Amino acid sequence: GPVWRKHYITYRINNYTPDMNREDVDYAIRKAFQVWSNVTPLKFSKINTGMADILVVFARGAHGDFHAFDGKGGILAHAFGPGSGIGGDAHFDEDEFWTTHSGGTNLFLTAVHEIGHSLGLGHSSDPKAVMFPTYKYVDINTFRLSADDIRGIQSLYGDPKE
């Protein structure tokens, strides 16, 4: 399938959810990218001007991409695989209640799953995998990618360099 054709990839946060402060949204997103860069040769950097490779957007309902959101619950976010235009972009349903821990939908865990899609990964049947299709909370301090997630992403990008 299509894959990013460079190792240095930029992201930009288009707009912000009012559910968490700016520092907390930035940290969740940064840490989510870090989960994937830790096990591949990919490098991610945040930019604030210019066209980014990956745009992170919060939106609700119909928002211009033929994939309208559905209110609180159900689909929590979605993302586009590598390709032209919006390819790579990650959209989070603003009707969810985003949190730093577990009092609602954890942004970090959700961002890990969606960035997986943005990098080219599909769903897993392994219930311990972050790419499993269904959200579940796990202690952020105890969180680790499953072996399944690791094999999947390394099959697309290889493992870290010496």
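Residue positions are given as counts along the sequence shown, with the first one as 1.
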query: 23 to 31 or 126 to 134, whichever carries the higher mean Cα B-factor; finding: 126 to 134
query: Of 33 to 41 and 61 to 69, the stretch whose C-alpha atoms average the higher B-factor in the entry; finding: 61 to 69
query: Third of the chain's Cα B-factor distribution that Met51 belongs to, per the entry; finding: highest
query: Third of chain Cα B-factors occupied by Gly116; finding: lowest
query: Lowest, middle or highest third - CA B-factor, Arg151; finding: lowest
query: Entry-reported Cα temperature factor of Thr99, expressed as the chain third it lands in; finding: middle
query: Third of the chain's Cα B-factor distribution that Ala90 belongs to, per the entry; finding: middle
